[PDB]
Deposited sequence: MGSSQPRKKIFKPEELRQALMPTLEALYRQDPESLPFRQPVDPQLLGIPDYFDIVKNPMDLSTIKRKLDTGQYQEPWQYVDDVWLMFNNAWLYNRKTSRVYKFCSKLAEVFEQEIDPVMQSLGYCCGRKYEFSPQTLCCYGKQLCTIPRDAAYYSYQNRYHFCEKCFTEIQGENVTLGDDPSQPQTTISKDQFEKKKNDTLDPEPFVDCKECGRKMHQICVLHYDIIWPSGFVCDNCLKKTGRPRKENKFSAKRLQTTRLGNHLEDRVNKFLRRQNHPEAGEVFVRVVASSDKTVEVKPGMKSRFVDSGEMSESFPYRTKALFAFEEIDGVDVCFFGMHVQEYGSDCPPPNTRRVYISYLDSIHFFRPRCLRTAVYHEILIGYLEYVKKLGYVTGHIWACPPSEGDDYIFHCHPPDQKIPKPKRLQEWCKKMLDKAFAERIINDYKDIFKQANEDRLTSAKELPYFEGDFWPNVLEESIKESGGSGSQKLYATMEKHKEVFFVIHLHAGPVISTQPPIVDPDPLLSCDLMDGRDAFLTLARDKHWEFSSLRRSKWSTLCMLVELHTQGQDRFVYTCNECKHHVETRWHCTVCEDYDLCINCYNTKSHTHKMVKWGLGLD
């Protein structure tokens, strides 16, 4: 085994102890909570032959005070590792209700407040031990990066370092203050994801809205369509032989699906807080799907700042989507207000343990207020539930109900092969919404090929394998960081550049510093730079 780091930071025993032990003392000062932890657990005093079969690496205050007085701690992380070992043993062996388990959780909250500022004055990120949430006995550990100058190990998520963005490796912020050099800018930002008129309309509408409240904690919101492609939904086998072969419905229906995300600036970095896939059935689509939009999936992570504006901003995006597609020529929109089953995440891979999953009544009230806001603001003319809408229009055939990919109704009808259906319809009236917005539809936006966002499964899968959780602010920041690198570097679109004036292909060009995407053939009112 070969090794080397010449200007590494090494701590002499007295330095660590003088810094670290004021934290070990705050644990001892907890009475009675520290008392079962001041000496090694003795199973023969306590009556637990169990213990050493269950706890393989015992640890306690006295042992830590010994190592800290002997100098057995080379780096500060070895000290912190040993206290969390102490806490983790107790949390493990004892049941979550026991006294000692609660003693431990008091000691741990005390350690957490004490160790963070200390480790940061010693030049580290924090003094926590982090593990990722459980997957399908052991848990996977958060990752570390070493500063190429210090050698001091840091949490990659704490410092938000990624070699793809900064390929010359991780250099700590303090070593950069002596370095003279600041960190170089992350060019893989949300703002810098390719813009679109759909994306632009949504973010432009929300930011003036956030402005009208003018809360000081709020940051900028970026809305980006990150995928678009042309698909078809195949009629399932039962309804197929009963209606397509007869020629009453088309065998497949074309639609354009789009995946879009919103990001907020929080602590000067991008945080993804909202995501949605939609299906858009244009004006050349045969009945019953002609000129319809459907919200396939809507997902969210509650870290928008401030909390008191979070939902209002979700409504603004949704309300904004309807205004946009109405303008392009769509006539009706549809929402299936269904809360996720089990602990299944629609779009984001690990929601906060304490983000409430709403009751369907809550979910339906939510949409109810959402649509009402749009009617009032003169964007929606009206909206009804499927029954008041379906037979107010007097549908009597199953083929007159819109037929959308992955929607409930194609499979209620598909099982109904052997077998009443109007009764199946009446049971769930409230969860299924029909939204009334009111010359071909022309999407002015180009297609974005992005397999990662081609439907909701690809991003869920990649985030589970790579542990991009959205379970905390710090993890969402990291997951967003990497999500954005994936969109920037592994999308599947290649870019041809054309001069906005001469329709010609350009390589060398003058690009406008102000305009959305403006280039001129070398052969204009704005300052231009050569690219």
item	value
Missing CA stretches, deposited numbering from 1, N-terminus first	137-198, 482-488, 508-515, 601-606, 615-619
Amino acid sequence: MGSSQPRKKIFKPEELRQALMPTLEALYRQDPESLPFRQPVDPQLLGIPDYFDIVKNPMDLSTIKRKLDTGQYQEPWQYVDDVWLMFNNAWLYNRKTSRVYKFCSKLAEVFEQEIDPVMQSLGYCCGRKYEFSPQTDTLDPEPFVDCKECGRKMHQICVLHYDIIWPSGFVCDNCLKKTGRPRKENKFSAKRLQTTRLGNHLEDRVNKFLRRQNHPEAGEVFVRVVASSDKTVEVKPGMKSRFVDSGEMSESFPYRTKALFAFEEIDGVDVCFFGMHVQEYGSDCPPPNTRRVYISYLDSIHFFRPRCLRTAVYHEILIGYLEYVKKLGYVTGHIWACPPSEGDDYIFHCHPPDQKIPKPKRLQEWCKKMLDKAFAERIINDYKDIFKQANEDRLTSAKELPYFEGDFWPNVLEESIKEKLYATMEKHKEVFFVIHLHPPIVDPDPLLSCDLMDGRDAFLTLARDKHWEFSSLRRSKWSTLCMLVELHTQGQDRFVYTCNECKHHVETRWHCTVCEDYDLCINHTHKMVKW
From here on, numbers count along this sequence of modelled residues.
| item | value |
| --- | --- |
| Given 340-348 and 259-267, the range whose Cα B-factors average higher in the PDB entry | 340-348 |
| 42-50 versus 481-489 - greater average Cα B-factor per the deposited record | 42-50 |
| C-alpha B-factor winner, where the candidates are 163, 220, 217, 203 | 217 |
| Of the residues 107, 390, 235, 90, the one carrying the largest Cα B-factor as recorded | 390 |
| Third of the chain's Cα B-factor distribution that residue 422 belongs to, per the entry | highest |
| Ranked against its chain, the third holding the CA B-factor of residue 397 | highest |
| Assigned third (lowest, middle, highest) for the C-alpha B factor of residue 308 | highest |
| Third of the chain's Cα B-factor distribution that residue 57 belongs to, per the entry | middle |
| CA B-factor ranking of residue 68, expressed as a third of its chain | middle |
